[PDB]
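Below: the structure, in structure tokens.
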Number of protein chains: 4
Amino acid sequence: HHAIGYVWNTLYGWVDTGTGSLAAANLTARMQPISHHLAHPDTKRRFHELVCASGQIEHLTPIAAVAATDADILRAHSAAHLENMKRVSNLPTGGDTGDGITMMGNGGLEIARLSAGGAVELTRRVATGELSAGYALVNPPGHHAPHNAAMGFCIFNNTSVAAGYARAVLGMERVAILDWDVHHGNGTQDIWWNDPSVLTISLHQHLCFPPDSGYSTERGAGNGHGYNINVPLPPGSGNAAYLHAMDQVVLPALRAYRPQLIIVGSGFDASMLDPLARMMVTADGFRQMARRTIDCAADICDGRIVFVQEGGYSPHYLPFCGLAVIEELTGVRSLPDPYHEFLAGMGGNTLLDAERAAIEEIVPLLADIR
Amino acid sequence: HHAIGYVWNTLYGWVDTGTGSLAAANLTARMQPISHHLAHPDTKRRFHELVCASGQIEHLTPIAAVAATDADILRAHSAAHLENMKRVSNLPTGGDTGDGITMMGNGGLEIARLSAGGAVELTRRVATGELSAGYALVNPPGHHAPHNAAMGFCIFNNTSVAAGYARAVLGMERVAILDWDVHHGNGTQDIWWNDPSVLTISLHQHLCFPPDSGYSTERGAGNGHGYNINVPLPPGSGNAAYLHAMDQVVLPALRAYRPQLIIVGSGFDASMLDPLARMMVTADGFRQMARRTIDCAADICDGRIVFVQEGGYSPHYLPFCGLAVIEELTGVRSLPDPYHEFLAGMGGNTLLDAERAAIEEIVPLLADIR
Amino acid sequence: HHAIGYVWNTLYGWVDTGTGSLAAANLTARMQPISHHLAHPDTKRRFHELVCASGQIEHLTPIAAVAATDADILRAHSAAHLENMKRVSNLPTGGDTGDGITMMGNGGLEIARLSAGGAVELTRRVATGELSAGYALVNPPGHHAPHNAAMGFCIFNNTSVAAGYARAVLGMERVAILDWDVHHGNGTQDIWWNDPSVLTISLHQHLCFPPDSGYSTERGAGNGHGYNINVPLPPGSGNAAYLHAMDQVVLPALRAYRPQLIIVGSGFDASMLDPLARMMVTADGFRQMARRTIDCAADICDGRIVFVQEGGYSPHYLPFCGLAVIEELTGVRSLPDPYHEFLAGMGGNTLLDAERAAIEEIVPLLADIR
Amino acid sequence: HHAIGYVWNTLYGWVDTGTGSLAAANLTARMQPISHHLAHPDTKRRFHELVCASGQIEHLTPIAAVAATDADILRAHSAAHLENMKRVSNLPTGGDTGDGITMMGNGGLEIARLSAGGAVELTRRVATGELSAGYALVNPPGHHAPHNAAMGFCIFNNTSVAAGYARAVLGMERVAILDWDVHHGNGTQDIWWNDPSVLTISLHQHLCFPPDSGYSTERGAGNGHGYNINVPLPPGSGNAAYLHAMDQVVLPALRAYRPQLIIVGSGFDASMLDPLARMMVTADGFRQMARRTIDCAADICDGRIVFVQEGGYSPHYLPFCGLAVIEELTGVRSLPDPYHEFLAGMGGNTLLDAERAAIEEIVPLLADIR
Ligand SMILES: Cc1nn(C)c(C)c1/N=N/c1ccc(/C=C/C(=O)NO)cc1
Ligand SMILES: Cc1nn(C)c(C)c1/N=N/c1ccc(/C=C/C(=O)NO)cc1
Ligand SMILES: Cc1nn(C)c(C)c1/N=N/c1ccc(/C=C/C(=O)NO)cc1
Ligand SMILES: Cc1nn(C)c(C)c1/N=N/c1ccc(/C=C/C(=O)NO)cc1
Ligand SMILES: [K+]
Ligand SMILES: [K+]
Ligand SMILES: [K+]
Ligand SMILES: [K+]
Ligand SMILES: [K+]
Ligand SMILES: [K+]
Ligand SMILES: [K+]
Ligand SMILES: [K+]
Ligand SMILES: [Zn+2]
Ligand SMILES: [Zn+2]
Ligand SMILES: [Zn+2]
Ligand SMILES: [Zn+2]
């Protein structure tokens, strides 16, 4: 069976990231206002528009997002957090979600629900066999939000809401979340820390964000011990490092675990041109990562694979990274990466000793995935 | 003596970088138009506005840019190149300067002259002793433009026009250009390739831009052999690498050479948040680099040091990198880097073996600087 | 029958309006570059996104644009004009279409075809009875482009291509084009000047654009004499003037003519907040204009009415003006105009003597519509 | 004597107008966020940059803004209002100043002081005879702010702070404020309502903003009765109406009153391309208005005239309207209005009966100015 779901909702493009760069604009600090916050929604909107203008949309089955219910959110998060998000969204303007950085407008909860709900909807339709696989191009992102908070531009942990749904509603015994956003998926790690029924894997730049998080020694606890896998990589890591990590750690971990569904936290902030990390992945790197993961799903869980958008901050280049992943799902490879030659000469295509050793640190942990 | 020159001209902020991201927008390639090209002038304008709003401007002596004459430009470039820039600027709209990327509007030559002329003016006033040092916050940048072309957003090689002026007009026997823009200063290298009277030093990310350029083996030719020094560094290099390069190579090179004037090609594209390179320098790193270089000038050439803006593409963070350099010139350290704590945990502050070895490759070349 | 067609194509939002305000940026004239040209595609894209986010899209039947063929374009335009547009679009960076203002990128002809083609495809589906009515939210606009040229941001005359198709392909004897864009539809007037089989009506601000065009004395020629109707209105005209014009001139003209299809050139540049005209129409005014025209179509041509987007330059307010028209097509009135109270106190709601007299100048021309 | 003062402060360009269009962005109302609020500071910054790039700055004497003190503000406003602005600015992310529209960031009071202070500092230097006249290009604007509130984007009433200073500190008996911003100067009217020592004149579009304000019957009270003059004009009024108003009402009022200083509230929102009003004034119209008013000052108060920026919302055209006024102060007429021919054919250059009659309503009030 072949039918590829695609979720975009207009409101994903309407997320109000404010007038600051990262934190808010700040006169006393002389942080001048700017039109486009680093996380501004235009970056992901440009990905969507390229999906359409490239003609990939003709090969996709558009899937409507359905708002995550309170019950949906509560499988990933605390009632206190949900209540707090209702509270801040109910406030006449809106407010600070808690961390002095992640902000939500009046009614911004509507978009957070549609983002988590997009992941849930696609998960449902893939799990049932209506669809063979899909891509949920959601916004706001999810992977930093732990059980009890919003964090790092993330209100709810979209992939964990989807996993929680696959577990509780669809009765899946084993789900895997593979997160290749360049930042550590600390939220996802936190949510499933004590839980072996969701294998949580994060490839990331070591200590990029959050600080003091994502070490290889963070392995879960209790019955969940061994079912969280962090793959911290050095700044400057490129396609060779990322593919070595896939071949040596990620794919073996998935094969050992035998998930019934694979959810990919699909960020493109590891790209060669991203401002918010120092990695060197190209569109062709993301293509190969996607191909490998989709083929793994075909081998072990009847092709059941759901990509969910996480971060990525190059409005110029992210659309082509994203499109490459979409093309691997559809099998219609109809547009070149126009940056390919320009970026290919910059490097990242040789596995450096330091990169190899960082990856090899994780291989002995594979034996504890029962 | 203490009086610090500062050059900003309104037109530096009016450079038309077009509607593309890097190359032009391109419908057949599905490269969607965007408001801010990567090189858009707002990044450097925000630096200027911070110089003003921080109160640093009160400690600076504002210096008017004076348009570089044909004679000024001809000390760095060919008559053919100048003529070609007149031609493309004279064209009813403007056009492609030659490389399919570096574009100039009708009348855009006016800004190119004022940019090179800003560097010249400041060089004159520092060399005479009217000023002790300065910063020319110019735009468009210069260091990629070789003798016979425009390249990499550079129309004229501003620091080489300034050096050419110090040589031919002021009669200096020895000038040094230290380029710490993250990209290789191939233009500057080309211009002075056969010439020992201008020592050309470039610290850069190896093969970032241009491709196949900036190797340690590129050392000049003829009488100039030994008077070009490339310090290619690996992606991910941070403050520890950059300061080791300063201490082991740059400062010893300058001391060996005994220039009568130091010109710094001062880019901030090595910053932790730059999209166009993969380096990890913070505002505090640039501060220490500037402090070291200014102190070296004080020791060897009566404090005669002229900073000239090159690249840097983070409108968020570049202003604070720049301000740190301005503060080292003025000695008035009145504003924190508000990103300091956020970026300090990401790393780059330990000298990695690979970084150390890349730097040590250049140390044996120091003996050939007579 | 009730089924409402809606045409949006991603590329409508990708039209490259450049870096100028109206004409190009110009250094010698000191016209500083700006991110958003007055005609920037975001204004119409925001209308589309509101159609979606409001939930109106759920009550619409989305219709794919199909590229206008050469044969389609030739029913409205000269082979020389078509050839010239192919030429300018084929040029490496595109070029000037002829008038020193209307520019097209490399491949920009693709968007011009999809814009005219969107109008054609909706016309076909309404005429055939598949749909009862629709709105083609196209870009670039059309009504300034006469038979032999591009003009006023218009490459092809979309409504005249659609009328030409209804005439030649669908065999309609009588088609009406009602143009309420605030600028004179000089292109449409020119194309059908000698032709009584397309009644052309233009309500506009007198002499707003083009200059020296849109006088009441411009009435067609030969067999077409009496089948062009200009309704020039004074600056400051609001809802009362526009509705008086509809009731006294427009609707009687349509009833006299008995078209088999009504095409509306639907601009919103007559809005209270438009920079490019001085009129005072509110979303409620456009609503009433749309209601009247749709009801007229129901009375005289079996409800066959096709709206085709023309101008409008308020990204803030145009979406609400547009949405009001969409709501009158769907009959689902689910969102208020949030500017209603703010704009309603500004006036325009009383028929001034000068406005009344301007309208009454046209009423004696109604008797010559046979 | 001839020396023309000019006030620009970097922070005038840093006013955070937020992410809405006019009111804040609003998800439930489906008011999508936008990069440039209507009142965004770029419009005035572009005027400043044109003053520089045109070379007018070379003929001006740059004057540093000095922050308005509490004592300065209290000559125009209540202690409650000042205290409230301190409060809202002291709040962690700032807040709503009272009217649900006029917002101020944390520390935004700094800019409000520098704006009122810029007007004061220029007034001082002109009154004292150091300067003959000047232009204070301030932001935020002032004329809507009455004694006890912020309103219509205005935190403090800059011209009334300057008048209060001329009265109390410089001991002037009679000051005139002439406000040609297109909106009614209700704040200024309120502040001096009972006071004959400040003649307050407002030319505006009738009922544009505020609603139900600016009628000819609003004439002051007590000893101030007859010393407030409103000239409400109809939508569509252009150069002919504005110049007739100057010749019939404004200039005679000033001659009758014999002020010792004229302060002009200089908005350009009456321009032909402004989104926030429906008037037809061109740069040449503003030029003639400025020429007349400066010549009047020369005749009656030793040339003592201070222009203070109010509104204006066309980033495209406002700079040229502003430059024309600057050119009349300097007497150096070195740049054309590049929109002149394009806008001159649109009209406004004939005095319509309705415009004439609106103006003539005010002429009998001239006899009560003693
Ligand atoms: C802390 C802190 N303090 N300040 C002052 C600032 C400006 C801080 N940055 N927070 C950040 C910055 C970036 C991210 C990116 C997340 C992502 O891409 N996820 O996948 C998250 C949080
Ligand atoms: C080649 C090529 N081909 N294409 C298609 C593209 C998009 C190309 N990029 N060119 C570039 C890109 C970046 C720079 C930065 C320079 C700098 O920061 N200097 O200090 C220069 C040239
Ligand atoms: C001519 C000319 N010459 N110059 C110098 C300039 C600045 C010119 N304006 N061109 C324009 C300006 C506006 C429109 C609006 C069209 C619309 O809304 N259509 O319905 C069209 C052409
Ligand atoms: C009230 C209100 N309510 N609502 C709902 C809205 C959208 C409101 N507009 N406020 C405004 C709108 C424009 C101005 C222009 C001022 C200027 O040019 N000064 O000279 C001031 C206030
Ligand atoms: K787990
Ligand atoms: K990750
Ligand atoms: K050399
Ligand atoms: K360099
Ligand atoms: K006709
Ligand atoms: K019209
Ligand atoms: K008064
Ligand atoms: K006024
Ligand atoms: Zn991320
Ligand atoms: Zn660079
Ligand atoms: Zn129009
Ligand atoms: Zn105003």
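If a residue has to be buried (at least 16 other Cβ atoms within 10 Å of the Cβ), of a type in the set (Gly, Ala, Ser) and in a loop (DSSP other than H, G, I, E, B) to count, how many in segment A:341-359 make the cut? Here the count works out to 2. Pairs are defined by a Cβ separation below 9 Å, a sequence spacing of at least 6 or placement on different chains, a first member in segment C:207-222 that is touching a residue at least 12 places away in the same chain (Cβ under 8 Å) and within 18 Å of C:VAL249 (Cβ to Cβ), and a second member that is among the hydrophobic types (A, V, I, L, M, F, W, C) and assigned to a helix (DSSP H, G or I); the pairs so defined are C:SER216/C:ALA358; C:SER216/C:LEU365; C:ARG219/C:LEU365.
Tell me whether segment C:184-197 contains one or more residues that are in contact with a strand residue (DSSP E or B) (Cβ under 6 Å, 6 or more places away or on another chain), away from ligand 3 (no atom under 16 Å from the Cβ) and under 22 Å from C:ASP274 (Cβ atoms). There is no residue in segment C:184-197 that is in contact with a strand residue (DSSP E or B) (Cβ under 6 Å, 6 or more places away or on another chain), away from ligand 3 (no atom under 16 Å from the Cβ) and under 22 Å from C:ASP274 (Cβ atoms). Candidates C:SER115, C:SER89: the one that is free of Cβ contacts under 8 Å to residues at least 40 places away in the same chain, within 14 Å of chain B (Cβ to nearest Cβ), assigned to a helix (DSSP H, G or I) and out of contact with any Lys or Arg (no Cβ under 6 Å at 6 or more places or on another chain) is C:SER89. Among the candidates C:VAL169, C:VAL161, the residue that is away from chain D (no Cβ under 14 Å), away from ligand 7 (no atom under 16 Å from the Cβ) and surrounded by fewer than 24 Cβ atoms within 10 Å (Cβ to Cβ) is uniquely C:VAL169. Residues that are closer than 30 Å to B:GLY152 by Cα, of a type in the set (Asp, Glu), part of a helix (DSSP H, G or I) and within 14 Å of another protein chain (Cβ to nearest Cβ) do not occur anywhere in segment B:275-293.
Each residue in segment C:230-240 was checked for being closer than 14 Å to C:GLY285 by Cα and either away from every other protein chain (no Cβ under 11 Å) or of a type in the set (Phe, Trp, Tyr) (or both), and 2 of them qualify. From D:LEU131, D:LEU199, grab the single residue that is away from ligand 16 (no atom under 16 Å from the Cβ) and part of a strand (DSSP E or B). Criteria check complete, one pass: D:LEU199. Quick check, is B:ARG258 away from ligand 14 (no atom under 16 Å from the Cβ) and among the charged types (D, E, K, R)? Yes.
Among the residues here, C:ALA176 does not qualify as touching a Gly at 6+ places or on another chain (Cβ under 6 Å) and not in a helix (DSSP H, G or I). Please count how many residues of segment D:261-273 are more than 15 Å from the chain's Cα centre (by Cα) and within 14 Å of chain C (Cβ to nearest Cβ). Summing the residues that are more than 15 Å from the chain's Cα centre (by Cα) and within 14 Å of chain C (Cβ to nearest Cβ) in segment D:261-273 gives 2. Considering only segment A:244-258, I want to know if a residue exists there that is within 14 Å of chain B (Cβ to nearest Cβ) and surrounded by fewer than 24 Cβ atoms within 10 Å (Cβ to Cβ). Within segment A:244-258 (the criterion being within 14 Å of chain B (Cβ to nearest Cβ) and surrounded by fewer than 24 Cβ atoms within 10 Å (Cβ to Cβ)), the answer is no, since none of the residues qualifies.
Just one of the listed residues (D:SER202, D:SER216) is buried (at least 24 other Cβ atoms within 10 Å of the Cβ) and among the hydroxyl-bearing types (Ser, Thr, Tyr), namely D:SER202.
Among the residues of this structure, D:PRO319 counts as one that is buried (at least 19 other Cβ atoms within 10 Å of the Cβ), within 14 Å of chain C (Cβ to nearest Cβ), out of contact with any strand residue (DSSP E or B) (no Cβ under 7 Å at 6 or more places or on another chain) and part of a helix (DSSP H, G or I). Taking the conditions exactly as written (over 21 Å from the mean Cα position of the chain (by Cα) and surrounded by fewer than 21 Cβ atoms within 10 Å (Cβ to Cβ)), does D:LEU27 satisfy them or not? No; evaluated as a whole, the condition is false for this residue.
Condition first: under 19 Å from B:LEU203 (Cβ atoms) and small (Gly, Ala, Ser). Now tell me which residues in segment B:292-332 satisfy that. Of everything in segment B:292-332, those that are under 19 Å from B:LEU203 (Cβ atoms) and small (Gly, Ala, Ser) turn out to be B:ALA297, B:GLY311, B:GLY312, B:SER314, B:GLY322, B:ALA324. Scanning segment A:41-63 for residues that are more than 9 Å from every other protein chain (Cβ to nearest Cβ) and part of a loop (DSSP other than H, G, I, E, B) yields A:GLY55, A:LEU60, A:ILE63. Of the listed requirements (1) surrounded by fewer than 18 Cβ atoms within 10 Å (Cβ to Cβ); (2) touching a residue at least 60 places away in the same chain (Cβ under 8 Å); (3) over 20 Å from C:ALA168 (Cβ atoms), C:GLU83 misses just one: (2). The residues of segment A:283-293 that are surrounded by fewer than 23 Cβ atoms within 10 Å (Cβ to Cβ) and in contact with a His (Cβ under 9 Å, 6 or more places away or on another chain) amount to a single one, A:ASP284.
Residue-by-condition table, conditions (1) more than 11 Å from every other protein chain (Cβ to nearest Cβ); (2) without any contact (Cβ under 8 Å) to a residue 12 or more places away in the chain:
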| residue | (1), (2) |
| --- | --- |
| A:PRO315 | no, no |
| A:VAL332 | yes, no |
| A:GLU341 | no, yes |
| A:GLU355 | no, no |
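Annotation: of all residues in segment C:92-112 being within 12 Å of chain B (Cβ to nearest Cβ) and over 17 Å from B:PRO33 (Cβ atoms), the one that is surrounded by the fewest Cβ atoms within 10 Å (Cβ to Cβ) is C:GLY100. Look through segment B:294-309, keep the residues that are part of a helix (DSSP H, G or I) and in contact with a strand residue (DSSP E or B) (Cβ under 7 Å, 6 or more places away or on another chain), and return whichever of them is surrounded by the most Cβ atoms within 10 Å (Cβ to Cβ). Result: B:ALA297. D:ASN148 fulfils the conditions (1) closer than 15 Å to D:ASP70 by Cα; (2) within 14 Å of chain A (Cβ to nearest Cβ); (3) in contact with a helix residue (DSSP H, G or I) (Cβ under 6 Å, 6 or more places away or on another chain) except for a single criterion, (2). Just one of the listed residues (A:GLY214, A:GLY187) is under 17 Å from A:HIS147 (Cα atoms) and either within 14 Å of chain B (Cβ to nearest Cβ) or within 16 Å of ligand 7 (Cβ to nearest atom) (or both), and it is A:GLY214. Tallying residues that are assigned to a loop (DSSP other than H, G, I, E, B), of a type outside the set (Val, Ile, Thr) and without any contact (Cβ under 8 Å) to a residue 24 or more places away in the chain within segment A:22-35 yields 7. A:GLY322 falls short of the stated requirement of being under 18 Å from the mean Cα position of the chain (by Cα), of a type outside the set (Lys, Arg) and under 25 Å from B:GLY347 (Cα atoms).
The set of residues from segment B:12-40 being among the aromatic types (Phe, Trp, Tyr) and at the interface with chain C (Cβ under 9 Å from one of its Cβ atoms) comprises just one member, B:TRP14. Every condition in (1) more than 16 Å from the chain's Cα centre (by Cα); (2) in a helix (DSSP H, G or I); (3) within 14 Å of ligand 5 (Cβ to nearest atom); (4) crowded, with 18+ Cβ neighbours inside 10 Å holds for A:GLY187 except the one numbered (1).
Because the Cβ atoms are built from the backbone with ideal geometry, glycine has one as well, and the counts that use them run over all protein chains shown. Any read-out appearing in this document is the output of simple, stated calculations on the displayed coordinates, not a laboratory observation.
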